[PDB]
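1. Show me how the following folds:
(chains A, B and C, ligands or ions: 2)
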Amino acid sequence: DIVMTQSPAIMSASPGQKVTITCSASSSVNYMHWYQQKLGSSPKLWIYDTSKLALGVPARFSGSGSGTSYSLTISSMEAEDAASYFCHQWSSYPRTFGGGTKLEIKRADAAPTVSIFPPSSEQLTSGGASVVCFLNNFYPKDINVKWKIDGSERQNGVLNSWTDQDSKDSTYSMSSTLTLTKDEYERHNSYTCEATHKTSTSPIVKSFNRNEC
Amino acid sequence: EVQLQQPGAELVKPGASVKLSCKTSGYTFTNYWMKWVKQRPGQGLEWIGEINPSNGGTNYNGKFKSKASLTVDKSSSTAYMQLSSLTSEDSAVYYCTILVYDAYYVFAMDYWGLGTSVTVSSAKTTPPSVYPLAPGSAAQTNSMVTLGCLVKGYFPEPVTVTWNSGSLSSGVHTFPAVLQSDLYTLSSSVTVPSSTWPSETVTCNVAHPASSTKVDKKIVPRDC
Amino acid sequence: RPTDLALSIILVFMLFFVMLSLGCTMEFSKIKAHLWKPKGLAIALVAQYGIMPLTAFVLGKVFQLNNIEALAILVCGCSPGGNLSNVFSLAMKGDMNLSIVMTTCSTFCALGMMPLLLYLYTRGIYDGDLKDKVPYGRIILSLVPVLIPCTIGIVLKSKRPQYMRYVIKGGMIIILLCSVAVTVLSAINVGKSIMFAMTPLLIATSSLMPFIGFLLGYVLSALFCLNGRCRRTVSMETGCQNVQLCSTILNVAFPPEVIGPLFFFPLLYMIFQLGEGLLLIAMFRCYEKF
Ligand SMILES: C[C@H](CCC(=O)NCCS(=O)(=O)O)[C@H]1CC[C@H]2[C@@H]3[C@H](O)C[C@@H]4C[C@H](O)CC[C@]4(C)[C@H]3C[C@H](O)[C@]12C
Ligand SMILES: C[C@H](CCC(=O)NCCS(=O)(=O)O)[C@H]1CC[C@H]2[C@@H]3[C@H](O)C[C@@H]4C[C@H](O)CC[C@]4(C)[C@H]3C[C@H](O)[C@]12C
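-> Residues are numbered from 1 along each chain as shown, chains lettered A, B, ... in the order given. Ligands and ions are numbered 1, 2, ... in the order given. And now the structure:
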């Protein structure tokens, strides 16, 4: 079996700059074929036999190389090309796909819009309480979230949930929930959600106090 | 036109067996090989096996020889698969592919199915419980207002969450669900004008086709 | 694909007429005499089934070929003796009364030995089995367009040895016309063959397999001290192969995209086989002139 070391795993790009993806086989492979998978869709054949084009693929794409190092080149990137590309070979069974690279679109950095929503009374009636922290419309995707209870950090019950690229704004979003019991929620009054991003050195601090309801 | 139809999702129990169908129409069924591809969320694609419908000969992957059993029925043009003794790490999406290839005039073209999202449940179905979220009263009033409708503790995927039955299409953000104690929770957010929120009722309708449960709940400010 | 069907039909008519021409050079009594006391036939069978497939195996292992390419080389190696040897052996005055015996017995033995050699050799190259995809309705059907024209030729000679002429000239004329037609039908596909990036290792293998076949056949014949004409007959029967089974085996066993450029391999084998055979024929005729 031939394994594939496809690098880089995550790629950032701009709409108009050339980009290259290298698939590095661990054994001699004659032909290498590239699959493109968009968001929430089945992958479709893109480039086969390392230089030819499938039916419907735009002419900008191009593959080159031979031996154990094949590349995919895009002459002029457009906004429609943000997808995931897998290198696939069928010349030596079993067919093995690559790890895949996630091709994104870069833009100016944006600051997250941190929000805090108090737990609903339905959760309290049920017997628990989960506060949420909404971060919306930020870039780049790397971000750290700090959860503090009564001014003290608590790593217990910390949730993270990213999103895909926004097709309109090319940004991201977050979702953090602190899962605690009703008694634990009633034990404290101050809840603080801390958001740290590269855009601003000073973290964004949002707090909710249950004393004033 | 060439179309390959696959079931949307299949629900199993650990240690059980499941049958995957790939009904093909619009082309003669006994010429192109049927390749099955498994995609686990978090890894790359994996090739499972092939089958020649007109002959029955199959070639398998090394590690799937004892888990997969591809079969076809030319009368119904339906290519089958029979996963056996499923495990918690068999939860993936399985595609059925045919590839057109010839050398007289060189050209190629793929025809993929929509994928049969197979998951291992080991837990009874539970219907969605909408937990409404409202902006803080002490928070400053602004032209745009953040809204959320947290849904927690239901099974299985998928779940459809919209706002006002798809009336709003700008700022609608929905987040992927995460598994917690054999259950998964989902959240959603949207940006709306300050005037439209009280004037027009905003209901975060939730659809759970697997459990056939549809719960619609509106968003109201916290009044005490 | 209609071009492929037309090529198959024209080639079947080609074989029919060329063997109708060729069947005039032998007699039934000599066929019986050579079939009895199997000395030359045993050597030819041992060669074609112990040194050509072994050459395929060793050459594929030593040239660092893929699994599918090695499978194609092995399938071409295990294939029965082709009907090209019948035409070729006339060009060096070989014992034609024995080349027919070689071809017939080689086909009949292949019908039951090709699965055996394939199973014995493809271990580690093929996960499943090849004892089910071998076309047994084609090995025994390719033998008919060889025996029928030859049989009617010997019957024509033995019974009515006055229609020797006329039919020979007509057959040669129609053979030339259909050969030109096949040239036209093949030059349109040689372009796509050269456009496809056939690996030079495969071109070297296809060029070097018939040479090793010829030389090993000659050496084997020299070891057992055969006659003059019988030596060339065995040394060129053991090198000509029927590579029209390789395409069928590969198409049945593997998808059309895995074989890829190997779909043109039988044409390459035929052209290199023709080139080497004609070169040897010219060399031997020059030797005979001096
Ligand atoms: C196609 C023939 C080989 C086929 C074979 O051995 N088996 C296929 C039979 S089946 O489909 O499986 O039934 C080959 C073998 C001998 C070949 C001939 C020789 O190579 C050379 C002569 C040269 C003449 O000037 C004209 C063509 C020709 C007369 C060739 C025609 C054709 O290529 C022949 C007849
Ligand atoms: C390779 C050809 C056919 C053999 C075969 O099995 N082909 C299969 C084609 S495919 O895989 O299915 O595409 C053979 C058959 C007849 C041969 C030709 C004839 O024997 C004679 C012509 C005429 C020229 O003067 C000499 C070369 C030639 C031009 C030959 C070239 C080549 O050897 C041909 C064209």
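2. buried ones in stretch B:95-105?
-> Judged by neighbour count using 16 or more other CB atoms under 10 Å in any protein chain shown, the buried positions of stretch B:95-105 are B:95-101, B:103. For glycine as for every other residue, the C-beta is placed from the backbone atoms N, C-alpha and C.
3. From those residues, which land in strands?
-> Mapping the buried residues of stretch B:95-105 onto strands (DSSP state E) picks out B:95-101.
4. near chain C, which residues of chain B?
-> By CB under 8 Å from any CB of the partner chain, the part of chain B that sits against chain C consists of B:33, B:35, B:50, B:52, B:55, B:57-60, B:99, B:101-104, B:106, B:108.
5. Buried ones in the helix or strand harbouring residue B:82, by neighbour count?
-> Taking DSSP states H and E as the criterion, the element that holds residue B:82 is strand B:78-83. Neighbour counts using 16+ other CB under 10 Å place B:78-81, B:83 of strand B:78-83 among the buried residues.
6. And for stretch C:149-163?
-> So, applying 16+ other CB under 10 Å, buried residues of stretch C:149-163: C:149-150, C:153-154, C:156-157.
7. Among those residues, which one sits closest to residue B:162?
-> residue C:149 (77.4 Å; CB to CB).
8. Am I right that the closest one falls within a helix?
-> Yes: assessed with DSSP: H, G, I helix; E, B strand; the rest coil, residue C:149 lies in a helix.
9. how many neighbours does the closest residue to residue A:57 other than its chain neighbours have?
-> Sequence neighbours aside, residue A:46 is the residue nearest to residue A:57 in space, at 5.4 Å (criterion: CB to CB, 6 or more residues apart in numbering or on different chains). The tally of other residues near residue A:46 (other CB atoms under 10 Å in any protein chain shown) stands at 23.
10. What does residue A:46 show for phi and psi?
-> phi -110, psi -60 (degrees, to the nearest 10).
11. closest to ligand 1 among the ones in strands among the buried residues of stretch B:95-105?
-> residue B:101 (24.5 Å; CB to the nearest ligand atom).
12. these two touch, right, that closest one and residue B:35?
-> No: counting by CB atoms under 8 Å, residue B:101 stays clear of residue B:35, with 11.8 Å between them.
13. interface residues of chain A facing chain C?
-> For chain A, the contact set with chain C under CB under 8 Å from any CB comprises A:28, A:30-31, A:49, A:90-93.
14. Skipping its backbone neighbours, what lies nearest the residue most central in space within chain A in space?
-> Closest residue to the average C-alpha location of chain A: residue A:164 at 5.7 Å, with CA atoms, centre = their mean. Among residues not flanking residue A:164 along the chain, residue A:39 sits closest, at 5.6 Å (CB to CB, 6+ apart).
15. A helix includes residue A:146, no?
-> No: the assignment for residue A:146 is strand, going by three-state DSSP, so no helix is present there.
16. partners of it in the sheet?
-> Taking DSSP bridges, one obtains residue A:194 as the residues bridged to residue A:146.
17. How is chain A divided into domains?
-> Structural domains annotated on chain A: A:4-105, A:113-209, as defined by CATH domains of a matching chain.
18. Can you lay out the ones you listed as CSV showing distance to ligand 1?
-> Below are the domains of chain A laid out as CSV (distance: least, CB to the nearest ligand atom, whole Å):
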stretch, distance to ligand 1
domain A:4-105, 28
domain A:113-209, 57
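19. wait, which of the ones you listed is closest to residue B:155?
-> Taking CB to CB, domain A:113-209 is the member of those nearest to residue B:155, at 17.1 Å.
20. Any residues of the stretch 51-200 of chain C in contact with chain B? List them.
-> C:127-128, C:132-133, C:189, C:192, C:195-196.
21. hang on, the earlier thing: which pair of the residues of chain B next to chain C spans the longest distance?
-> So, the residues of chain B next to chain C by CB to CB: farthest apart are B:60 and B:104, at 30.1 Å.
22. Tell me the one of the buried residues of strand B:78-83 nearest chain C?
-> Chain C lies nearest to residue B:79 out of the buried residues of strand B:78-83, by CB to the nearest CB, at 14.2 Å.
23. Surely the residue nearest to the centre of chain A touches residue A:82?
-> No: using CB under 8 Å, residue A:164 is not in contact with residue A:82; the gap is 9.7 Å.
24. What residues does the residue of chain A at minimum distance from ligand 2 make contact with?
-> Residue nearest to ligand 2 within chain A (CB to the nearest ligand atom): residue A:49, separated by 19.1 Å. Counting by CB atoms under 8 Å, 6 or more residues apart in numbering or on different chains, residue A:49 touches A:31, A:33, C:197, C:260.
25. Most neighbours among these, which one is it?
-> residue A:33 (26 neighbours).
26. is that residue in a bridge, and if so with what?
-> residue A:88.
27. isn't it right up against residue A:48?
-> Yes: assessed by CB under 8 Å, residue A:33 is found in contact with residue A:48 at 4.3 Å.
28. what residues does the stretch 151-290 of chain C put near ligand 2?
-> When proximity is defined as CB under 6 Å from any ligand atom, the stretch 151-290 of chain C approaches ligand 2 at C:179, C:182-183, C:186, C:189, C:244, C:264, C:266-267, C:270-271, C:274.
29. Now with 8 Å, please.
-> Within the stretch 151-290 of chain C, the residues that sit near ligand 2 (CB under 8 Å from any ligand atom) are C:179-180, C:182-183, C:185-187, C:189, C:243-244, C:247, C:263-267, C:270-271, C:274.
30. just the residues you listed that are near ligand 1?
-> Okay, of these touching ligand 1 (CB under 8 Å from any ligand atom), that's C:179, C:182, C:244, C:270, C:274.
31. about what we covered before: tell me which of the residues of the stretch 151-290 of chain C next to ligand 2 fall in strands.
-> Among these, DSSP E puts none in strands.
32. Can I get the buried part of those residues as one PyMOL selection?
-> Here is the PyMOL selection string for the buried members of these, based on 16+ other CB under 10 Å:
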select buried, chain C and resi 189+243+244+247+263+264+265+266+267+270
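33. I'd like to check which residues are in contact with residue C:3.
-> Residue C:3 neighbours (CB under 8 Å, 6+ apart): B:104, C:185, C:188-189.
34. Select, from these, the two members most distant in space.
-> Using CB to CB, the two most remote members of the contacts of residue C:3 are B:104 and C:185, lying 12.5 Å apart.
35. Would you check that my belief about residue C:266 contacting residue C:241 is correct?
-> No: the criterion here is CB under 8 Å, and residue C:266 misses it with residue C:241 at 9.8 Å.
36. quick one: common contacting residues for the two?
-> Counting by CB under 8 Å, 6+ apart, the contacts common to residue C:266 and residue C:241 are residue C:76.
37. circling back to that earlier point, quick check, nearest of the buried residues of strand B:78-83 to residue B:10?
-> Checking the buried residues of strand B:78-83 against residue B:10 by CB to CB gives residue B:83 as the nearest, at 9.1 Å.
38. ok, back up a step: can you list the ones next to ligand 1 among the residues of the stretch 151-290 of chain C next to ligand 2 in a markdown table and add distance to residue B:214?
-> Shown next, in a markdown table, are these (distance: CB to CB, whole Å):
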| residue | distance to residue B:214 |
| --- | --- |
| C:179 | 76 |
| C:182 | 70 |
| C:244 | 64 |
| C:270 | 69 |
| C:274 | 75 |
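39. Identify, from those, the entry nearest to residue B:20.
-> Among those, and counting by CB to CB, the member closest to residue B:20 is residue C:244, at 38.5 Å.
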